[PDB]
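K.L.:
Structure provided below as structure tokens; questions to follow.
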Amino acid sequence: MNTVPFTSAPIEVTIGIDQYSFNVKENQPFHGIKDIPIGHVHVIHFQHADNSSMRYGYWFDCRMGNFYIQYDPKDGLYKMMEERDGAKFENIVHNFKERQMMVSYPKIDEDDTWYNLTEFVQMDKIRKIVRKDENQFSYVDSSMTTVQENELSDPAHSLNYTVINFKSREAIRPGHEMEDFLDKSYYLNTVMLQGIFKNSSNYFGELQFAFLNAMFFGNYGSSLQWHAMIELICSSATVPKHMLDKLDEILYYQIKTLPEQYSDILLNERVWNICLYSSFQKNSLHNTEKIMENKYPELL
Amino acid sequence: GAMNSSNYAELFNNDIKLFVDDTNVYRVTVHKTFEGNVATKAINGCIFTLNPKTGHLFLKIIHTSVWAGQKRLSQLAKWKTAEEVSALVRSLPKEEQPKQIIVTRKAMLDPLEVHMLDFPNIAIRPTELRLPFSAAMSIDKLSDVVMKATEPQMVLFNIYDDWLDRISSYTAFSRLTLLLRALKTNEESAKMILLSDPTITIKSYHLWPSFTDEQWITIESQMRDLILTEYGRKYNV
Ligand SMILES: N#CCN(CCN)C(=O)c1cccs1
């Protein structure tokens with residue numbers, strides 16, 4: 001179980017760690033988060049009290065380095081940094097644990113929520129979507145645009161999700177216009193899976209990462225990508241059975257975890273009604289359909 | 001975006017544009033089967049592709065053989081329409097290709113956009129106008145060529161005859177849409193109006209009769225009265 005030490009908390013902030021969150025008062029003696037489960041990526045995120053504008057945060061994997069957080073009063077944010085002096089790290093963590101100045105990652109033993117939301121998410125794939133190669137962790141915020149958004153403005157600050165466009169030459173074979181537009185199996189299986197993602201695990205990892213950025217940062221471009229990757233599968237007549245069953249599980253846990261009062265803004269009515277009730281896969285998502293109808297019947 | 005009453009004169013500028021109307025592509029008669037069920041029998045149809053500035057009409061005849069063994073024919077008809085318009089554009093020299101294609105029914109937008117992905121600079125647009133191009137099959141010579149076709153065929157016409165020698169495109173299109181609206185509202189009465197005078201004929205190379213300017217004024221007034229008359233009959237006014 002790993003630890004992210006904080007140097008201090010100088011401005012009042014709501015701090016998230018994965019699906020948990022807590023409030024830190026200005027200059028409260030807060031010195032980090034302990035007992036972080038090894039084996040998964042994590043995200044540590046922030047919303048300032050005096051300006052709830054801009055949610056921002058860092059994706060990281062404690063296996064890849066020793067990371068701490070310190071506030072920068074010039075740039076006005078909590079920054080993740082890597083500690084290359086291991087004995088400094090360990091001594092700083094030990095002191096802060098002895099004084100009981102850290103919150104414990106509050107995972108219940110029965111609870112697989114975080115694993116289910118990140119099953120296919122790997123740090124190496126995150127770092128290709130979020131390009132900043134000098135750091136082992138990745139910054140994301142509410143306002144970052146995607147490569148697709150930018151084509152329709154600073155490239156270095158972009159989310160390089162795989163571009164999906166149903167009315168594009170990539171999605172439509174010359175001479176199969178009607179076929180490929182009404183059944184996206186070609187585009188799913190040949191173009192995206194075999195060609196770009198190489199396998200369904202990488203596809204699901206990007207879908208899962210897109211959802212998490214949408215939920216934790218309100219990142220609109222990420223929400224678009226999440227919905228596009230769902231629609232691409234649902235609008236395909238030919239999808240491997242294992243992918244359909246896995247998608248149903250993925251979406252079930254995403255819908256279960258979504259804050260109820262964010263549904264109006266994080267869920268696209270057209271996509272979900274099409275996917276659940278009209279698409280080729282309308283009868284293949286039993287768990288997701290049941291949770292959606294019991295929890296968001298208005299949307300449908 | 002959409003083409004409506006406000007931006008109406010754009011039809012007659014010097015940017016090449018085509019209207020595409022697919023309402024006569026898939027045509028059927030509905031009838032009873034021996035067992036007392038209902039079935040359809042297709043008849044030949046056409047794509048109506050019209051340059052409103054010049055009157056050039058590319059009439060692509062849709063022969064019933066294109067439906068043989070196919071399912072979901074109303075959906076296929078839209079895609080076949082888009083496939084044929086795409087093929088027409090590719091067959092035209094670059095300087096004759098349209099800059100815009102205006103579809104009369106919004107269900108044609110996605111099929112046409114998809115078939116035209118190779119032409120990102122050709123705008124595909126809907127219209128808020130209710131244009132009477134479905135009545136094209138009430139023009140005797142057009143209906144005749146469609147029904148006589150034994151295979152797919154394209155036939156070229158000028159839907160304005162020689163009117164542009166004497167009137168502007170705007171006025172020619174107004175005359176065309178008035179005639180077609182009248183044929184759509186009461187085909188028999190409209191044809192009676194056009195053919196009642198034995199001395200006025202249709203040239204071999206024309207679609208409409210050879211009316212003088214004053215005779216066109218009379219005809220146009222008679223068509224307006226027909227349309228109004230039928231409106232009253234319909235709504236009891
Ligand atoms: N670990 C480590 C390294 N690090 C920053 C913090 N978390 C520090 O050395 C100091 C912390 C607080 C005063 S110095």
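Just so we're on the same page: first chain in the structure tokens is A, next is B, and so on; residues restart at 1 for each chain, and ligands are numbered from 1 in the order they show up.
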Neighbouring residues of residue 115 in chain A were defined as those with any atom within 12 Å, considering only C-alpha atoms; residues of the same chain fewer than 6 positions away were excluded. Please report them as a PyMOL selection string.

P.N.:
chain A and resi 18-19+37-42+107+121-122+208+249-250+253-254

K.L.:
Mind writing the picked residues with N, CA, C and O atoms as a PDB file, in the first residue's frame?

P.N.:
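Written output follows (part32.pdb):
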```pdb
ATOM      1  N   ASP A  18      -9.409   8.833  -6.531  1.00  0.00           N
ATOM      2  CA  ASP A  18     -10.321   7.916  -7.215  1.00  0.00           C
ATOM      3  C   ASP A  18     -11.742   8.379  -6.917  1.00  0.00           C
ATOM      4  O   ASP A  18     -12.032   9.584  -7.015  1.00  0.00           O
ATOM      5  N   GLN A  19     -12.637   7.504  -6.500  1.00  0.00           N
ATOM      6  CA  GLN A  19     -14.043   7.840  -6.327  1.00  0.00           C
ATOM      7  C   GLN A  19     -14.351   8.470  -4.971  1.00  0.00           C
ATOM      8  O   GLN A  19     -15.523   8.751  -4.685  1.00  0.00           O
ATOM      9  N   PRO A  37      -4.123   1.425  -2.824  1.00  0.00           N
ATOM     10  CA  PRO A  37      -3.942   0.043  -3.271  1.00  0.00           C
ATOM     11  C   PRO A  37      -3.016  -0.045  -4.466  1.00  0.00           C
ATOM     12  O   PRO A  37      -3.155   0.677  -5.455  1.00  0.00           O
ATOM     13  N   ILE A  38      -2.074  -0.948  -4.368  1.00  0.00           N
ATOM     14  CA  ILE A  38      -1.170  -1.249  -5.457  1.00  0.00           C
ATOM     15  C   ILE A  38      -1.872  -2.170  -6.448  1.00  0.00           C
ATOM     16  O   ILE A  38      -2.649  -3.082  -6.076  1.00  0.00           O
ATOM     17  N   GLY A  39      -1.604  -1.935  -7.721  1.00  0.00           N
ATOM     18  CA  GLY A  39      -2.083  -2.778  -8.791  1.00  0.00           C
ATOM     19  C   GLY A  39      -2.978  -2.069  -9.760  1.00  0.00           C
ATOM     20  O   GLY A  39      -3.282  -2.623 -10.827  1.00  0.00           O
ATOM     21  N   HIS A  40      -3.384  -0.830  -9.435  1.00  0.00           N
ATOM     22  CA  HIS A  40      -4.266  -0.062 -10.288  1.00  0.00           C
ATOM     23  C   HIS A  40      -3.651   1.304 -10.520  1.00  0.00           C
ATOM     24  O   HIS A  40      -2.832   1.767  -9.725  1.00  0.00           O
ATOM     25  N   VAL A  41      -4.049   1.921 -11.635  1.00  0.00           N
ATOM     26  CA  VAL A  41      -3.850   3.369 -11.751  1.00  0.00           C
ATOM     27  C   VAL A  41      -4.709   4.068 -10.706  1.00  0.00           C
ATOM     28  O   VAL A  41      -5.675   3.518 -10.161  1.00  0.00           O
ATOM     29  N   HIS A  42      -4.380   5.327 -10.440  1.00  0.00           N
ATOM     30  CA  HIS A  42      -5.179   6.143  -9.552  1.00  0.00           C
ATOM     31  C   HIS A  42      -5.233   7.562 -10.102  1.00  0.00           C
ATOM     32  O   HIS A  42      -4.413   7.940 -10.941  1.00  0.00           O
ATOM     33  N   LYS A 107     -10.916   2.178   1.240  1.00  0.00           N
ATOM     34  CA  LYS A 107     -11.468   1.072   0.471  1.00  0.00           C
ATOM     35  C   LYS A 107     -12.073   0.026   1.402  1.00  0.00           C
ATOM     36  O   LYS A 107     -11.397  -0.489   2.304  1.00  0.00           O
ATOM     37  N   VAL A 121      -7.420   0.052 -17.957  1.00  0.00           N
ATOM     38  CA  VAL A 121      -6.670   1.300 -18.001  1.00  0.00           C
ATOM     39  C   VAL A 121      -5.248   1.040 -17.525  1.00  0.00           C
ATOM     40  O   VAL A 121      -5.045   0.547 -16.406  1.00  0.00           O
ATOM     41  N   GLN A 122      -4.267   1.361 -18.373  1.00  0.00           N
ATOM     42  CA  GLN A 122      -2.852   1.225 -18.048  1.00  0.00           C
ATOM     43  C   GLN A 122      -2.187   2.594 -18.087  1.00  0.00           C
ATOM     44  O   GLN A 122      -2.529   3.422 -18.923  1.00  0.00           O
ATOM     45  N   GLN A 208     -12.739   3.506 -20.920  1.00  0.00           N
ATOM     46  CA  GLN A 208     -12.802   3.679 -19.472  1.00  0.00           C
ATOM     47  C   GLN A 208     -12.127   4.964 -19.018  1.00  0.00           C
ATOM     48  O   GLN A 208     -12.652   5.653 -18.158  1.00  0.00           O
ATOM     49  N   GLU A 249     -20.602  -5.188 -18.483  1.00  0.00           N
ATOM     50  CA  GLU A 249     -20.040  -5.022 -17.144  1.00  0.00           C
ATOM     51  C   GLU A 249     -19.414  -3.646 -16.980  1.00  0.00           C
ATOM     52  O   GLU A 249     -19.601  -2.991 -15.945  1.00  0.00           O
ATOM     53  N   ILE A 250     -18.652  -3.214 -17.982  1.00  0.00           N
ATOM     54  CA  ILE A 250     -17.985  -1.919 -17.908  1.00  0.00           C
ATOM     55  C   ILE A 250     -19.011  -0.823 -17.695  1.00  0.00           C
ATOM     56  O   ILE A 250     -18.880   0.041 -16.806  1.00  0.00           O
ATOM     57  N   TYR A 253     -20.890  -0.659 -14.196  1.00  0.00           N
ATOM     58  CA  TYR A 253     -20.171  -0.031 -13.102  1.00  0.00           C
ATOM     59  C   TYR A 253     -19.982   1.466 -13.306  1.00  0.00           C
ATOM     60  O   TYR A 253     -19.929   2.213 -12.323  1.00  0.00           O
ATOM     61  N   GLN A 254     -19.884   1.922 -14.554  1.00  0.00           N
ATOM     62  CA  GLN A 254     -19.816   3.358 -14.830  1.00  0.00           C
ATOM     63  C   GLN A 254     -21.121   4.027 -14.426  1.00  0.00           C
ATOM     64  O   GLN A 254     -21.125   5.007 -13.666  1.00  0.00           O
TER      65      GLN A 254
END
```

K.L.:
Considering only C-alpha atoms, extract the chain A residues located within 9 Å of chain B and return them as a PDB file with C-alpha atoms, in the first residue's frame.

P.N.:
```pdb
ATOM      1  CA  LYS A 167     -19.150  10.082 -41.665  1.00  0.00           C
ATOM      2  CA  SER A 168     -15.501   9.804 -42.664  1.00  0.00           C
ATOM      3  CA  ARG A 169     -13.614   7.937 -45.360  1.00  0.00           C
ATOM      4  CA  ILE A 172     -16.862   4.017 -44.975  1.00  0.00           C
ATOM      5  CA  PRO A 174     -15.985   2.956 -51.200  1.00  0.00           C
ATOM      6  CA  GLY A 175     -18.802   0.875 -52.626  1.00  0.00           C
ATOM      7  CA  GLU A 177     -21.582   3.163 -48.289  1.00  0.00           C
ATOM      8  CA  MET A 178     -25.007   2.037 -47.071  1.00  0.00           C
ATOM      9  CA  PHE A 181     -22.989   3.406 -42.369  1.00  0.00           C
TER      10      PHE A 181
END
```

K.L.:
Would you work out the distance separating CA of residue 95 in chain A from CA of residue 8 in chain A, expressed in Å to one decimal?

P.N.:
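These atoms are spaced 13.3 Å apart.
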
K.L.:
Give the residue list for ligand 1 at 10 Å, counting only C-alpha atoms and all ligand atoms, as number ranges by chain, sorted by chain and then by residue number.

P.N.:
A: 3-8, 31-32, 66-70, 80-96

K.L.:
Would you output that residue set with N, CA, C and O atoms, as a CSV table (one decimal), in the first residue's frame?

P.N.:
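Here's the written file again.csv:
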```
chain,number,residue,atom,x,y,z
A,3,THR,N,1.8,5.6,-0.8
A,3,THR,CA,1.5,6.9,-0.2
A,3,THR,C,1.9,8.0,-1.1
A,3,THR,O,2.9,8.0,-1.8
A,4,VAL,N,1.0,9.0,-1.1
A,4,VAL,CA,1.3,10.3,-1.8
A,4,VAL,C,1.3,11.4,-0.7
A,4,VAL,O,0.2,11.9,-0.3
A,5,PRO,N,2.5,11.8,-0.1
A,5,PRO,CA,2.8,12.9,1.1
A,5,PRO,C,2.5,14.2,0.3
A,5,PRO,O,2.5,14.3,-0.9
A,6,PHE,N,2.1,15.1,1.1
A,6,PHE,CA,1.8,16.5,0.7
A,6,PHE,C,2.7,17.3,1.7
A,6,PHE,O,2.8,17.0,2.8
A,7,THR,N,3.4,18.3,1.2
A,7,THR,CA,4.4,19.2,1.8
A,7,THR,C,3.7,20.1,2.7
A,7,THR,O,4.2,20.5,3.8
A,8,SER,N,2.4,20.4,2.4
A,8,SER,CA,1.3,21.2,3.1
A,8,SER,C,0.0,21.3,2.2
A,8,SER,O,0.1,21.0,1.0
A,31,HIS,N,-1.3,16.2,5.2
A,31,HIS,CA,0.0,15.9,4.7
A,31,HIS,C,-0.1,14.6,3.8
A,31,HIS,O,1.0,14.0,3.5
A,32,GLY,N,-1.2,14.3,3.3
A,32,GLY,CA,-1.3,13.4,2.1
A,32,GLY,C,-2.2,12.2,2.4
A,32,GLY,O,-3.1,12.2,3.2
A,66,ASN,N,7.9,7.5,-6.8
A,66,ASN,CA,7.5,8.1,-5.5
A,66,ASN,C,7.0,9.5,-5.8
A,66,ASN,O,7.8,10.3,-6.3
A,67,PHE,N,5.7,9.7,-5.7
A,67,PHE,CA,5.1,11.0,-6.1
A,67,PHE,C,4.6,11.7,-4.8
A,67,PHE,O,4.1,11.1,-3.9
A,68,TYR,N,4.7,13.0,-4.7
A,68,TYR,CA,4.1,13.8,-3.7
A,68,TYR,C,3.4,15.0,-4.3
A,68,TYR,O,3.5,15.1,-5.6
A,69,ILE,N,2.7,15.8,-3.6
A,69,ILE,CA,2.0,17.0,-4.1
A,69,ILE,C,2.5,18.2,-3.2
A,69,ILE,O,2.7,18.0,-2.1
A,70,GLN,N,2.6,19.3,-3.8
A,70,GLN,CA,3.0,20.6,-3.2
A,70,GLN,C,2.3,21.7,-4.0
A,70,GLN,O,2.4,21.7,-5.2
A,80,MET,N,1.7,17.7,-8.8
A,80,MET,CA,2.4,16.5,-8.6
A,80,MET,C,3.8,16.6,-9.0
A,80,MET,O,4.2,17.2,-10.0
A,81,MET,N,4.7,16.0,-8.2
A,81,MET,CA,6.2,16.0,-8.4
A,81,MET,C,6.6,14.6,-8.1
A,81,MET,O,6.0,13.9,-7.3
A,82,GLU,N,7.8,14.2,-8.7
A,82,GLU,CA,8.4,12.9,-8.4
A,82,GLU,C,9.6,13.2,-7.5
A,82,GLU,O,10.4,14.1,-7.8
A,83,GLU,N,9.8,12.4,-6.4
A,83,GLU,CA,10.9,12.4,-5.4
A,83,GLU,C,11.9,11.4,-5.9
A,83,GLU,O,11.6,10.2,-5.9
A,84,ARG,N,13.1,11.8,-6.3
A,84,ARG,CA,14.1,10.8,-6.7
A,84,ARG,C,15.1,10.4,-5.5
A,84,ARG,O,15.9,9.5,-5.7
A,85,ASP,N,14.9,11.0,-4.4
A,85,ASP,CA,15.7,10.6,-3.2
A,85,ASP,C,14.8,9.7,-2.3
A,85,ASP,O,14.1,10.2,-1.5
A,86,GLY,N,15.0,8.4,-2.5
A,86,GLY,CA,14.1,7.4,-1.8
A,86,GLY,C,14.1,7.5,-0.3
A,86,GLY,O,13.1,7.4,0.3
A,87,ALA,N,15.3,7.8,0.3
A,87,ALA,CA,15.4,7.8,1.7
A,87,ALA,C,14.8,9.1,2.2
A,87,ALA,O,14.2,9.2,3.3
A,88,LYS,N,14.7,10.2,1.4
A,88,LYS,CA,14.0,11.5,1.7
A,88,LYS,C,12.5,11.1,1.8
A,88,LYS,O,11.8,11.4,2.7
A,89,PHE,N,12.1,10.5,0.7
A,89,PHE,CA,10.7,10.1,0.6
A,89,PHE,C,10.2,9.3,1.8
A,89,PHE,O,9.4,9.7,2.5
A,90,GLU,N,10.9,8.2,2.0
A,90,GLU,CA,10.5,7.3,3.1
A,90,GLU,C,10.6,8.0,4.4
A,90,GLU,O,9.7,7.8,5.3
A,91,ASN,N,11.5,8.9,4.7
A,91,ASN,CA,11.6,9.6,5.9
A,91,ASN,C,10.5,10.6,6.0
A,91,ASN,O,9.9,10.8,7.1
A,92,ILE,N,10.1,11.2,4.9
A,92,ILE,CA,9.0,12.2,4.9
A,92,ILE,C,7.7,11.5,5.1
A,92,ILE,O,6.9,11.9,5.9
A,93,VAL,N,7.5,10.3,4.6
A,93,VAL,CA,6.3,9.5,4.7
A,93,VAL,C,6.2,9.0,6.2
A,93,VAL,O,5.1,9.2,6.8
A,94,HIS,N,7.3,8.5,6.7
A,94,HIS,CA,7.2,8.0,8.0
A,94,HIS,C,6.9,9.0,9.1
A,94,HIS,O,6.0,8.8,9.9
A,95,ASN,N,7.5,10.2,9.0
A,95,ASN,CA,7.2,11.3,9.9
A,95,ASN,C,5.7,11.7,9.8
A,95,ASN,O,5.0,11.9,10.8
A,96,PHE,N,5.2,11.8,8.6
A,96,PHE,CA,3.8,12.3,8.4
A,96,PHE,C,2.8,11.2,8.9
A,96,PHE,O,1.8,11.5,9.4
```

K.L.:
Mind listing the strand (DSSP E) residues of range 51-230 of chain B, per DSSP on the backbone, as number ranges by chain?

P.N.:
B: 56-62, 100-103, 123-125, 153-158

K.L.:
Would you write out those residues with C-alpha atoms, as a tab-separated table (two decimals), in the first residue's frame?

P.N.:
```
chain	number	residue	atom	x	y	z
B	56	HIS	CA	-31.12	21.19	-67.10
B	57	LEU	CA	-32.81	18.08	-65.72
B	58	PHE	CA	-30.85	14.85	-65.27
B	59	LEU	CA	-33.66	12.28	-65.16
B	60	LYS	CA	-32.17	8.99	-63.96
B	61	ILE	CA	-34.74	6.25	-64.62
B	62	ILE	CA	-34.90	3.65	-61.85
B	100	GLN	CA	-24.17	22.67	-53.60
B	101	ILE	CA	-26.74	19.88	-53.77
B	102	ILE	CA	-30.10	20.75	-52.18
B	103	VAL	CA	-32.20	17.71	-51.18
B	123	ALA	CA	-22.23	21.34	-49.67
B	124	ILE	CA	-25.24	19.08	-49.04
B	125	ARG	CA	-28.20	21.13	-47.84
B	153	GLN	CA	-31.11	4.89	-68.25
B	154	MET	CA	-30.33	8.58	-67.88
B	155	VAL	CA	-32.27	11.07	-70.03
B	156	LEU	CA	-31.49	14.77	-70.23
B	157	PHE	CA	-34.13	17.44	-70.58
B	158	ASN	CA	-34.49	21.17	-70.26
```

K.L.:
Can you work out which one of B:223, B:193, B:182, B:3 has the shortest atom-to-atom distance to residue 209 in chain B, counting only C-alpha atoms?

P.N.:
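Among B:223, B:193, B:182, B:3, it is B:193 that comes nearest to residue 209 in chain B.
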
K.L.:
For residue 216 in chain A, which of A:9, A:129, A:274, A:140 is the closest residue, counting only C-alpha atoms?

P.N.:
A:140

K.L.:
Using DSSP assignments from the backbone, pull out every residue in range 32-208 of chain A that falls under alpha helix (DSSP H) and give it to me as a PyMOL selection string.

P.N.:
chain A and resi 86-98+113-118+123-129+147-151+177-182+185+200-208

K.L.:
Please produce an output containing C-alpha atoms for each residue in the selection, written as a PDB file, in the first residue's frame.

P.N.:
```pdb
ATOM      1  CA  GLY A  86      14.128   7.447  -1.844  1.00  0.00           C
ATOM      2  CA  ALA A  87      15.383   7.848   1.708  1.00  0.00           C
ATOM      3  CA  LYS A  88      13.996  11.469   1.723  1.00  0.00           C
ATOM      4  CA  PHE A  89      10.668  10.052   0.552  1.00  0.00           C
ATOM      5  CA  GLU A  90      10.543   7.302   3.097  1.00  0.00           C
ATOM      6  CA  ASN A  91      11.608   9.614   5.922  1.00  0.00           C
ATOM      7  CA  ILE A  92       8.998  12.211   4.902  1.00  0.00           C
ATOM      8  CA  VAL A  93       6.269   9.511   4.718  1.00  0.00           C
ATOM      9  CA  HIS A  94       7.241   7.966   8.048  1.00  0.00           C
ATOM     10  CA  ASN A  95       7.157  11.310   9.874  1.00  0.00           C
ATOM     11  CA  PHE A  96       3.785  12.289   8.409  1.00  0.00           C
ATOM     12  CA  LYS A  97       2.277   8.827   9.263  1.00  0.00           C
ATOM     13  CA  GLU A  98       3.591   8.960  12.846  1.00  0.00           C
ATOM     14  CA  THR A 113     -15.622  -0.541  -7.791  1.00  0.00           C
ATOM     15  CA  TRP A 114     -12.240   0.959  -8.632  1.00  0.00           C
ATOM     16  CA  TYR A 115     -10.910  -2.241 -10.212  1.00  0.00           C
ATOM     17  CA  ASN A 116     -14.093  -2.495 -12.297  1.00  0.00           C
ATOM     18  CA  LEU A 117     -13.758   1.132 -13.489  1.00  0.00           C
ATOM     19  CA  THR A 118     -10.056   0.747 -14.376  1.00  0.00           C
ATOM     20  CA  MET A 123      -0.489   4.102 -17.238  1.00  0.00           C
ATOM     21  CA  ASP A 124       1.421   3.532 -20.472  1.00  0.00           C
ATOM     22  CA  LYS A 125      -1.731   4.101 -22.523  1.00  0.00           C
ATOM     23  CA  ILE A 126      -2.716   7.139 -20.465  1.00  0.00           C
ATOM     24  CA  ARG A 127       0.686   8.691 -21.201  1.00  0.00           C
ATOM     25  CA  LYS A 128       0.125   8.310 -24.934  1.00  0.00           C
ATOM     26  CA  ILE A 129      -3.260  10.063 -24.747  1.00  0.00           C
ATOM     27  CA  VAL A 147      -7.556  16.218 -30.970  1.00  0.00           C
ATOM     28  CA  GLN A 148     -10.950  15.743 -32.645  1.00  0.00           C
ATOM     29  CA  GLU A 149     -12.367  18.837 -30.931  1.00  0.00           C
ATOM     30  CA  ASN A 150      -9.344  20.813 -32.167  1.00  0.00           C
ATOM     31  CA  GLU A 151      -9.906  19.763 -35.796  1.00  0.00           C
ATOM     32  CA  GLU A 177     -21.582   3.163 -48.289  1.00  0.00           C
ATOM     33  CA  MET A 178     -25.007   2.037 -47.071  1.00  0.00           C
ATOM     34  CA  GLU A 179     -23.647  -1.168 -45.628  1.00  0.00           C
ATOM     35  CA  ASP A 180     -20.885   0.446 -43.573  1.00  0.00           C
ATOM     36  CA  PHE A 181     -22.989   3.406 -42.369  1.00  0.00           C
ATOM     37  CA  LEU A 182     -25.889   1.261 -41.167  1.00  0.00           C
ATOM     38  CA  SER A 185     -18.777  -3.715 -37.959  1.00  0.00           C
ATOM     39  CA  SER A 200     -10.319  -5.048 -27.313  1.00  0.00           C
ATOM     40  CA  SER A 201      -8.446  -4.494 -24.037  1.00  0.00           C
ATOM     41  CA  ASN A 202      -6.819  -1.332 -25.413  1.00  0.00           C
ATOM     42  CA  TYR A 203     -10.199  -0.182 -26.798  1.00  0.00           C
ATOM     43  CA  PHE A 204     -11.885  -0.665 -23.428  1.00  0.00           C
ATOM     44  CA  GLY A 205      -8.985   1.030 -21.647  1.00  0.00           C
ATOM     45  CA  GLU A 206      -9.467   4.189 -23.667  1.00  0.00           C
ATOM     46  CA  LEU A 207     -13.261   4.047 -23.235  1.00  0.00           C
ATOM     47  CA  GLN A 208     -12.802   3.679 -19.472  1.00  0.00           C
TER      48      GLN A 208
END
```

K.L.:
Would you list the contacts of residue 40 in chain B as a list in words, taking every protein, DNA or RNA residue within 6 Å and counting only C-alpha atoms, but skipping same-chain residues closer than 4 positions in sequence?

P.N.:
residues 28, 29 and 30 of chain B

K.L.:
Give me a file of those residues, with N, CA, C and O atoms, as a PDB file, in the first residue's frame.

P.N.:
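The resulting out-v8.pdb:
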```pdb
ATOM      1  N   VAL B  28     -44.813   2.156 -55.933  1.00  0.00           N
ATOM      2  CA  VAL B  28     -45.498   0.866 -55.869  1.00  0.00           C
ATOM      3  C   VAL B  28     -46.997   1.046 -56.042  1.00  0.00           C
ATOM      4  O   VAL B  28     -47.558   2.125 -55.807  1.00  0.00           O
ATOM      5  N   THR B  29     -47.637  -0.040 -56.447  1.00  0.00           N
ATOM      6  CA  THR B  29     -49.063  -0.245 -56.274  1.00  0.00           C
ATOM      7  C   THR B  29     -49.250  -1.279 -55.167  1.00  0.00           C
ATOM      8  O   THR B  29     -48.493  -2.249 -55.082  1.00  0.00           O
ATOM      9  N   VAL B  30     -50.217  -1.033 -54.291  1.00  0.00           N
ATOM     10  CA  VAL B  30     -50.554  -1.934 -53.193  1.00  0.00           C
ATOM     11  C   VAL B  30     -51.780  -2.736 -53.620  1.00  0.00           C
ATOM     12  O   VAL B  30     -52.764  -2.171 -54.098  1.00  0.00           O
TER      13      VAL B  30
END
```

K.L.:
What does the structure give for the distance between CA of residue 248 in chain A and CA of residue 288 in chain A, in Å to one decimal?

P.N.:
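Calculated distance between CA of residue 248 in chain A and CA of residue 288 in chain A is 5.7 Å.
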
K.L.:
If you count only C-alpha atoms, which residues fall within 6 Å of range 55-59 of chain A, apart from same-chain ones fewer than 3 positions away, as a VMD selection string?

P.N.:
chain A and resid 42 to 47 137 to 142 217

K.L.:
Find the residues near residue 222 in chain A: any atom within 8 Å, counting only C-alpha atoms, skip ones fewer than 4 places away on the same chain, and give them as a ChimeraX atom specification.

P.N.:
/A:146,210-211,213-214,226

K.L.:
Please report the interatomic distance between CA of residue 94 in chain B and CA of residue 1 in chain B in Å with one decimal.

P.N.:
23.5 Å

K.L.:
Identify, on the basis of only C-alpha atoms, every residue whose closest approach to residue 53 in chain B does not exceed 10 Å; exclude the query and any residue fewer than 6 positions from it along the same chain; express the result as number ranges by chain.

P.N.:
B: 10-18, 160, 164, 168-170, 172-173

K.L.:
May I have the selected residues written with C-alpha atoms, as a PDB file, in the first residue's frame?

P.N.:
```pdb
ATOM      1  CA  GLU B  10     -29.457  32.208 -54.255  1.00  0.00           C
ATOM      2  CA  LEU B  11     -30.978  29.619 -56.575  1.00  0.00           C
ATOM      3  CA  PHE B  12     -30.378  31.933 -59.527  1.00  0.00           C
ATOM      4  CA  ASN B  13     -26.811  33.100 -58.875  1.00  0.00           C
ATOM      5  CA  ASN B  14     -23.808  31.783 -60.805  1.00  0.00           C
ATOM      6  CA  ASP B  15     -22.769  29.050 -58.365  1.00  0.00           C
ATOM      7  CA  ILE B  16     -23.755  25.716 -59.929  1.00  0.00           C
ATOM      8  CA  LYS B  17     -26.320  23.935 -57.782  1.00  0.00           C
ATOM      9  CA  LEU B  18     -28.688  21.009 -58.149  1.00  0.00           C
ATOM     10  CA  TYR B 160     -37.854  25.237 -69.033  1.00  0.00           C
ATOM     11  CA  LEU B 164     -34.983  31.503 -70.809  1.00  0.00           C
ATOM     12  CA  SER B 168     -35.221  35.171 -66.228  1.00  0.00           C
ATOM     13  CA  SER B 169     -34.400  32.019 -64.316  1.00  0.00           C
ATOM     14  CA  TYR B 170     -36.264  33.370 -61.290  1.00  0.00           C
ATOM     15  CA  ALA B 172     -38.942  30.423 -65.130  1.00  0.00           C
ATOM     16  CA  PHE B 173     -38.614  28.615 -61.793  1.00  0.00           C
TER      17      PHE B 173
END
```

K.L.:
Which residues come within 10 Å of residue 241 in chain A, counting only C-alpha atoms, excluding same-chain residues fewer than 5 positions away, as a short mmCIF file (atom, residue, chain, number, x, y, z; two decimals) with N, CA and C atoms, in the first residue's frame?

P.N.:
```
data_model
loop_
_atom_site.label_atom_id
_atom_site.label_comp_id
_atom_site.auth_asym_id
_atom_site.auth_seq_id
_atom_site.Cartn_x
_atom_site.Cartn_y
_atom_site.Cartn_z
N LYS A 246 -18.32 -8.09 -21.79
CA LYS A 246 -17.44 -7.21 -21.04
C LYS A 246 -17.96 -5.78 -21.07
N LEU A 247 -18.42 -5.30 -22.24
CA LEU A 247 -18.98 -3.95 -22.30
C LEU A 247 -20.13 -3.78 -21.32
N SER A 284 -28.23 -7.01 -25.82
CA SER A 284 -26.99 -7.61 -25.36
C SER A 284 -26.43 -6.96 -24.11
#
```
